Every structure is written in C-alpha cells, then in structure tokens.
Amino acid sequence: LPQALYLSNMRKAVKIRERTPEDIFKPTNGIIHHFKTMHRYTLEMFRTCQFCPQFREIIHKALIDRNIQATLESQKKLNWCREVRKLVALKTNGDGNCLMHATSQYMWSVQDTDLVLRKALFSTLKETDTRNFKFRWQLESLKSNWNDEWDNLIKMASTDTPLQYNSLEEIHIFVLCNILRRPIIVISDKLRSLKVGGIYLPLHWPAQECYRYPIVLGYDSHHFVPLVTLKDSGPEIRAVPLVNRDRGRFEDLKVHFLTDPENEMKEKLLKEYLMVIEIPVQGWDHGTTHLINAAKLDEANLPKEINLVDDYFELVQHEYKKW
C-alpha cells in the first residue's frame, strides 16, 4: 500500500491540478477572480474499520494526521457531538503553503503543489483594490503603521522563500474563501479557565452566488489540514457545530472580518451562507439538553475520474483480498 494519498495515482493527480487554473475566471470590472465550477466539489473519506488492526494501522499512518486528530478531539473541539458523523484529518505537507494544500485537498483530493491557489491569492492581493479587505482587517485588528503592516501581509502571500514559503494568516483565509465563493470553517487548537479558528464567509458575494457547504479545516502547531467527512450510512448526520463547549456553557465560533452592522445581524448572516441546523446536545449543567447551531456538510461529490481516494480505496481492496 502506498505511503501517501498522492502516490496512488500520480498521473490523475496531475490531471486534476491542470484543470484548476483553467477553471479560474478573471473579471475586468474589478470583481475578484474566482472559480467557475470546481469550488463545488467535496471529498469524503472511506471507512477503514472493515479491515484488521494491522491493516488499519498502515492505512492510518499513510493517510491520517493522527496527532492533530487526537489533539483536537482531546479538547472536545472535534467529533464531540453524538448526533453527527466523524470528521478525519488528512496528512498535509508542512511547507508554508499548507492552508492551500488543506483547502485543495478538501475539495479535490490533491495538494496545492502547482501553487495555483497560492498564486491566485497573491494575485488578488497585489493586483486589485483591496480597500474593503484592509478596512475589515483594521476593524478586526482593533477588536483584539497600517500601510507597513498591510504591505507585509501581501508580501507574505507571494511564492517567495522567507519552511519553503511564508506562512499565512486570518486575512489570507478570508480572501481565499472569497476566491472560492465558499465558506471556510477552521477548527483550531486553543481552555478558557486558564485567533485563526473560526468562520470565514465570502462576504464580497451575495449568498445566492456562493456554494453553501463549508470547507472544514483543522489547525494546530502552525499547520492546516482538511477535516473531511467519513462515509457512513447511517444514521448520524453530516454537520459541523458552530459553537464550542466552554465548561457549563457554549462559545460561538468567531466569525471573522465582519463590519459593524454585519456583526449585529450575525445569526441572519450565517443562515444565508450556510445551511444552519439545530442539534440537541447533552448539557454540562443540570440541563441535560440544549440546542446548538451546526452547519450541514456536503455529501461526497468528487467524480472517480478525479478522485485519488477512490483509487486509494481500490488499491486497499486489492491488497486485502490477498489475505
């Protein structure tokens, strides 16, 4: 069995990547460049328990970032609702371009190794009006020399060596979700008893022009990974919680870069860009049940012809029949 996902079909990996820059449309009226179609794809991961412990192991060591998985689970941040389907973290290259690799993988099962997503970000930042972005960024910077700092954030987005690439931060995620026209939700390491995490909405587009399922990422130790839904059926539902447990209460995930009126109508705004559902969960006061908001997650839609996970699964079967 291959030691990583991409090794299962290098040829197909390259075909996928070569579709991506041709799916990009660049407007001429100042409108941000964005994907025409591919932003709607979503990967689901197959179930591995149908095998034997030694086999599980090799599958997990190849595909799964078990360190991040375990850290986020042990904080009750990942996979804490009994109602909902398990999410698993996929390994991702830690080269500085990992926000792009994790995002690329969630949708397309390949990493950003041609820098297509990375270049799209630097492009928007370097070669259009970013006034609104800067404004929303200044607001967030003050909730917790403007020109010097803004120039640096743009420079961070380049494909220049400073780790092969400059790491990226919140505003970069925000710009990226607007290039994809698709929300990104980051589940990050962080106990209140003792900033990257949160919800990024494509607010430069009307919600009707956007894909209404999120890309879900994990973040820990300065490293992004996709958190993709495990295939099952069923009866649990595909959703990601929009709040965290905080001891006896709940703390809403941070919604990034909102302007003041937007923040006033935050719940409404969330309900436009995401498919917001209510989920009963056991209370940690005397309560026993509370309803919390969660977003619906997409069902697997990445056609086999562009799905490395399908090919990976099929290698697994072949190698398992031989036991």
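Sequential numbering from 1, following the sequence displayed.
S.K.: What about residue 191, is it left unmodelled in a third or more of the other PDB entries we looked at?
M.R.: Per the records, residue 191 goes unmodelled in at least a third of the other entries.
S.K.: When the other PDB entries of this protein are compared, is residue 166 left blank in at least a third of them?
M.R.: No, residue 166 is modelled in every one of the other compared entries that cover both of its flanks.
S.K.: Please classify the coordinate gap between residue 144 and residue 145 in terms of deposited residues: none, 1 to 3, 4 to 9, or 10 or more.
M.R.: Missing in between: 10 or more residues.
S.K.: Select between 42-50 and 60-68 the stretch whose C-alpha atoms have the higher average B-factor in the entry.
M.R.: Result: 42-50.
S.K.: Which is higher in the entry, the mean Cα B factor of 265-273 or that of 284-292?
M.R.: Mean C-alpha B-factor is greater for 284-292.
S.K.: By the CA temperature factor listed in this entry, which of these ranks top: 140, 251, 189, 151?
M.R.: That would be 151.
S.K.: Select one of 258, 279, 297, 31: the residue whose C-alpha shows the highest B-factor in the crystal structure entry.
M.R.: Among 258, 279, 297, 31, the highest C-alpha B-factor in the entry belongs to 31.
S.K.: Splitting the chain's C-alpha B-factors into thirds, which one does residue 183 fall into?
M.R.: Lowest third.
S.K.: Among the modelled residues of its chain, does the C-alpha B-factor of residue 169 lie in the lowest, middle or highest third?
M.R.: Its C-alpha B-factor belongs to the middle third of this chain's values.
S.K.: Test of reading the entry: by CA B factor among the chain's modelled residues, which third contains residue 73?
M.R.: Lowest third - that is where residue 73 ends up once the chain's C-alpha B-factors are sorted.
S.K.: Where does the C-alpha B-factor of residue 135 rank in its chain, lowest, middle or highest third?
M.R.: Within its chain, residue 135 is a highest-third residue by C-alpha B-factor, going by the deposited values.
S.K.: Residue 155: which third of its chain by C-alpha temperature factor?
M.R.: Answer is highest: the recorded C-alpha B-factor places it there.
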